[PDB]
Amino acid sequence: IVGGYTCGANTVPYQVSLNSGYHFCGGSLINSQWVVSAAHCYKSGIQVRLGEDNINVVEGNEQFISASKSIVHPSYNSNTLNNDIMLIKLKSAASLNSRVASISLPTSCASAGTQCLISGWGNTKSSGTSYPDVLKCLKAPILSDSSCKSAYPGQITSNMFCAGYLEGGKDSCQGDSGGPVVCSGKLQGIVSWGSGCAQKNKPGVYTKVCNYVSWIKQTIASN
């Protein structure tokens, strides 16, 4: 997260870190056994880390649970990043509490102008490289489809939305991939892609989660 703030320990209780020897992606806990992340975060050997603040220190509220199964969206295209969504099932159910909690799926799509919370352990610099170890947060509005398409000609599908600031300076970045965009207590987005981070007229692009609720529910119900 570039131009954000320190969230505070366990204040984003649905935020997970995906770990394969190291943090490589964010995710969102949507029930005791399932995490939603980005399809481009797919790899084998995933351990889901819940209750994290400092990802380099065991602080006492963590639950480390290995993934039993990953399900990338059937229509995910890695070139265009269309349908950039995946589900990860935990080998055992997480113990839910105030610091480890699921986030609600949307019942309807959020509109341009809606304020959201974006979070993650990604790069905090737009030019250099500095990785924080505590969770960073950014409050950011959803942008109009028209401004999103104008920022990224030929690249924005019906399964994507822009959020952030056209002036630059505040954005998600490398390492935030797969993490949450939550608006009014609903998971509306997944950190997906962008051109650099926090660059003028290049806001972050996010997977439009409301399009996938039926797929998520049915997949969970049979897996």
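The numbering used is simple: start at 1 and walk along the sequence shown.
Asker: According to the deposited model, is the average Cα temperature factor higher in 122 to 130 or in 137 to 145?
Answerer: Between 122 to 130 and 137 to 145, it is 122 to 130.
Asker: For the C-alpha atoms alone, is the average B factor greater in 74 to 82 or in 105 to 113, going by the entry?
Answerer: Taking the mean C-alpha B-factor of 105 to 113 and of 74 to 82, the larger value falls to 105 to 113.
Asker: Out of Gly51, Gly189, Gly26, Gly168, which shows the largest CA B-factor listed in the entry?
Answerer: Out of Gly51, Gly189, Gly26, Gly168, the record gives the largest C-alpha B-factor to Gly168.
Asker: Would you mind checking where the Cα B-factor of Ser44 ranks among the modelled residues of its chain, as the lowest, middle or highest third?
Answerer: Highest third, going by the recorded CA B-factors of the chain.
Asker: Taking only the Cα B-factors deposited for this chain, tell me whether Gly185 sits in the lowest, middle or highest third.
Answerer: Its C-alpha B-factor belongs to the highest third of this chain's values.
Asker: Please place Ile156 in the lowest, middle or highest third of its chain by C-alpha B factor as given in the entry.
Answerer: Tercile = middle for this residue's CA B-factor.
Asker: Sort the modelled residues of this chain by their C-alpha B factor and say whether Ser37 lands in the lowest, middle or highest third.
Answerer: As the PDB entry reports it, the C-alpha B-factor of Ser37 lands in the lowest third of its chain.
Asker: By the recorded C-alpha temperature factor, relative to the other modelled residues in its chain, which third is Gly178 in?
Answerer: Bottom third by C-alpha B-factor.
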